[PDB]
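In: for now just these chains, pulled out of the complex without moving them:
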Amino acid sequence: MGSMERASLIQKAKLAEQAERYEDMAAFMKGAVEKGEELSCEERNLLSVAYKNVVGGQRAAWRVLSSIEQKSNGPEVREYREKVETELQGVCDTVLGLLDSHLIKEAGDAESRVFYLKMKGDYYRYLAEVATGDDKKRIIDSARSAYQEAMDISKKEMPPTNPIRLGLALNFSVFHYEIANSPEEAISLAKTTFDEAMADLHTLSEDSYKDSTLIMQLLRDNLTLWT
Amino acid sequence: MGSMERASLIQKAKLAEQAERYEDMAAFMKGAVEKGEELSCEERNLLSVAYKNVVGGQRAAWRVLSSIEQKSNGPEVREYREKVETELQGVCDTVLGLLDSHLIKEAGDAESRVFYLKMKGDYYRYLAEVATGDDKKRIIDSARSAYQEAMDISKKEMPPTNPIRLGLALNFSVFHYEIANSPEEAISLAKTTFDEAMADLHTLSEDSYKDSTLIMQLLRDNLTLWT
């Protein structure tokens, strides 16, 4: 994508989103990031949506194949699960590489820095979902560390209803429940996040109220699943 | 895929279908075809499902982008539509290449020969949907010729309720309506196909009745749309 204008890459990423061509979307946003300029709020969302959809499809396929493989226990099911797993790891490594070179170090504002650290936690979480070897504990701690830094910034710099703060807490609670085997930590985080957001809703416009309550409902859905 | 066993390619195509990984599915079935042996009934279905899903997603994306492009009339929308269009044409050319080298010439039984000729008509139809240049008429006639050969064989060799005969007639009727600007031909074909299938249902088992009536309902849906 080196020869395409930054603005054209962004425009094409929006077109790919409309066409549900998320692999193209991700490639266009990777090219935009590699132009070296910081990303706007809208552009960060495009980056996130693109890679979340790509890796989301890979995760769904990996779980189908992993389930078939467990029920079987020739080499084909394992081989094909491994192929999908390797492609997923490649996508996660690519996103983490963009965050490390150099999105996070140039992100000074709370909204951008928390967004990218949440992203870093998420893609290490996806690596953790498939990890089974020597570095699985280190992968888990890398997710935890990124989420923790994002939480610390979000609590000092953002209101409790901020959608990025809410989505971060939601995902860190899923990390606790699903990855870290800390379901009590997951439940406490979801409840405390929901309750403090509830008490701040009175400050919001109708549109901001809608944004915040939509994510609070996801916290509620998990608490209902977990308790 | 040259180094993978034929049976392993087929097994992995089935796994990719379960995982909704249709690009992988198509690559595995392309590899199986290139082993040079004829395809079983089940294997032909896997080939068809794989490429129908791949090109179906490309066609859906092309229509989204074509609509945006028409409403606009910078270069980005046209450029990106062209990119998707070129990838779609590549997939159609690949399938047509497999049919020509050498699936069709080795297909002697009515069920296999009609299946592959229907396929050839369909992928020329998809080429026709995006064609605008010197060869658009030739592309249309290539679709027509393949469908026509398949129809002639199916009428001599298959009962009127045969699902492949029904699906062929359904798709040739869509060709007439959407590509050839012959809506009366489309309607007549759908009606005559439906009526002759109706009169043959009495010969079928419960399971075959279910297969045939499901495709007859698609003919009915089109007639209701068209009249």
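Out: Perfect, I can see it now. Numbering: from 1, shown residues only, chains lettered A, B, ... in the order given.
In: and the helices in chain A?
Out: Across chain A, reading from the start of the chain, the helices by DSSP state H fall at A:6-18, A:22-33, A:41-72, A:76-98, A:104-106, A:110-130, A:136-157, A:163-174, A:183-198, A:206-226.
In: just how off-centre is the fifth one within its chain?
Out: The gap between where helix A:104-106 is centred and where its chain is centred comes out at 17 Å by CA atoms, centre = their mean, to the nearest Å.
In: and for the last one?
Out: If you compare the mean C-alpha spot of helix A:206-226 with that of the full chain, they lie 17 Å apart, counting by CA atoms, centre = their mean.
In: just the second one next, same as before
Out: Between the centre of helix A:22-33 and the centre of its host chain there is 16 Å, according to CA atoms, centre = their mean.
In: can you point out the buried residues in it?
Out: Residues of helix A:22-33 classed as buried under the neighbour-count rule (16 or more other CB atoms under 10 Å in any protein chain shown) are A:22, A:24-33. From N, CA and C alone the C-beta is placed, and that goes for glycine too.
In: adding distance to residue B:132, write the residues you listed out as TSV.
Out: Written out in TSV, the entries for the buried residues of helix A:22-33 read as follows (distance: CB to CB, whole Å):
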residue	distance to residue B:132
A:22	28
A:24	23
A:25	27
A:26	30
A:27	27
A:28	26
A:29	31
A:30	32
A:31	29
A:32	31
A:33	35
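In: so which of the residues you listed is the closest to residue A:59?
Out: The shortest separation between residue A:59 and any of the buried residues of helix A:22-33 is 13.2 Å, and it belongs to residue A:22 (by CB to CB).
In: residue A:102: neighbouring residues, count only.
Out: Neighbour count for residue A:102, taken as other CB atoms under 10 Å in any protein chain shown: 12.
In: burial of residue A:221, as a residue count?
Out: Residues within reach of residue A:221, counting by other CB under 10 Å, total 12.
In: from residue A:167, how far off is it?
Out: 14 Å (CB to CB, to the nearest Å).
In: tell me, what's touching these two both at once?
Out: Here residue A:221 and residue A:167 share no contacting residue, scored by CB atoms under 8 Å, 6 or more residues apart in numbering or on different chains.
In: the following sequence is to be added as chain C:
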Amino acid sequence: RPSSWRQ
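Out: Okay, here's chain C dropped in alongside the others:
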């Protein structure tokens, strides 16, 4: 708009 064969 119209339906072609689908599995």
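In: what's in contact with stretch A:215-227?
Out: If you take CB under 8 Å, 6+ apart as the criterion, stretch A:215-227 is touched by A:163, A:166-167, A:169-170, A:173-174, A:177, A:183, A:186-187, A:190-191, A:193-194, A:197-198.
In: how about stretch A:145-156?
Out: With CB under 8 Å, 6+ apart as the contact definition, stretch A:145-156 has outside contacts at A:110, A:113-114, A:117-118, A:120-121, A:124, A:162, A:164-165, A:168-169, A:171-172, A:175.
In: of the contacts of stretch A:215-227, just the buried ones, PyMOL syntax please.
Out: Remark: buried members of the contacts of stretch A:215-227, expressed as a PyMOL selection using 16+ other CB under 10 Å:
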select buried, chain A and resi 166+167+169+170+173+174+177+186+187+190+191+193+194+197
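In: intersect the contacts of stretch A:215-227 with the contacts of chain C.
Out: When the contacts of stretch A:215-227 are checked against chain C using CB under 8 Å from any CB of the partner chain, none falls in range.
In: what about residue A:221, distance to residue A:114?
Out: Using CB to CB, one gets 23 Å for the distance from residue A:221 to residue A:114.
In: list the contacts of the most centrally placed residue in chain A.
Out: Among the residues of chain A, residue A:122 comes closest to the average C-alpha position under CA atoms, centre = their mean, at 3.9 Å. If you count contacts by CB under 8 Å, 6+ apart, residue A:122 has them with A:52, A:143, A:171.
In: now, among the residues you listed, which is nearest to residue B:82?
Out: Each of the contacts of residue A:122 was checked against residue B:82 using CB to CB; the closest is residue A:52, at 27.4 Å.
In: for the closest one, which non-adjacent residue is closest in space?
Out: Leaving aside its sequence neighbours, residue A:52 sits nearest to residue A:122 (CB to CB, 6 or more residues apart in numbering or on different chains; 7.9 Å).
In: flag every residue of chain A that's near chain B.
Out: Counting by CB under 8 Å from any CB, chain A sits next to chain B at A:8, A:11-12, A:15-16, A:18-21, A:57, A:60-61, A:64-65, A:68, A:74, A:76-77, A:79-80, A:84.
In: following sequence is chain D, place it on the structure:
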Amino acid sequence: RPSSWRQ
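Out: Putting chain D onto the chains we already have gives this:
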């Protein structure tokens, strides 16, 4: 099983 953030 649980919901993470989604757009």
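In: same question on the buried residues of helix A:22-33, but with chain D included?
Out: Buried residues in helix A:22-33, defined by neighbour count with 16+ other CB under 10 Å: A:22, A:24-33.
In: do the same with stretch A:54-68
Out: A:54-55, A:57-59, A:61-62, A:64-66, A:68.
In: how about chain A, which residue sits the furthest from its center?
Out: Chain A, CA atoms, centre = their mean, max distance from centroid: residue A:74 (35.2 Å).
In: so does stretch A:216-227 get close to chain D?
Out: Yes: contact check for stretch A:216-227 against chain D, using CB under 8 Å from any CB: residues in range are A:218, A:221-222, A:225-226.
In: top of those by neighbour count?
Out: When neighbours are counted as other CB under 10 Å, the busiest of the residues of stretch A:216-227 next to chain D turns out to be residue A:222, with 24 neighbours.
In: what comes up buried for stretch A:200-210?
Out: Counting neighbours by 16+ other CB under 10 Å, one finds that the buried residues in stretch A:200-210 are residue A:204.
In: got it, and stretch A:149-156?
Out: For stretch A:149-156, the neighbour count (16+ other CB under 10 Å) marks A:149-151, A:153-154 as buried.
In: now residue A:35. Its backbone dihedrals?
Out: phi -70, psi -20 (degrees, to the nearest 10).
In: my read: it touches residue A:7, true?
Out: No: using CB atoms under 8 Å, residue A:35 and residue A:7 do not qualify as a contacting pair, with a distance of 9.8 Å.
In: which one of those two is surrounded by more residues?
Out: Neighbours around residue A:35 and residue A:7, counted as other CB under 10 Å, are more numerous at residue A:35. The numbers are 15 against 12.
In: give me every residue that touches the nearest residue to that one once chain neighbours are set aside.
Out: Distance criterion CB to CB, 6+ apart; nearest residue to residue A:35, sequence neighbours excluded, is residue A:6 at 4.6 Å. Shown in contact with residue A:6 (CB under 8 Å, 6+ apart): A:32, A:35, A:37.
In: now do the same contact list for the first one.
Out: Counting by CB under 8 Å, 6+ apart, residue A:32 makes contact with A:1, A:6, A:9-10, A:13, A:39, A:43, A:47.
In: looking at those, which is nearest chain C?
Out: The shortest gap between chain C and any of the contacts of residue A:32 belongs to residue A:13, at 29.2 Å (CB to the nearest CB).
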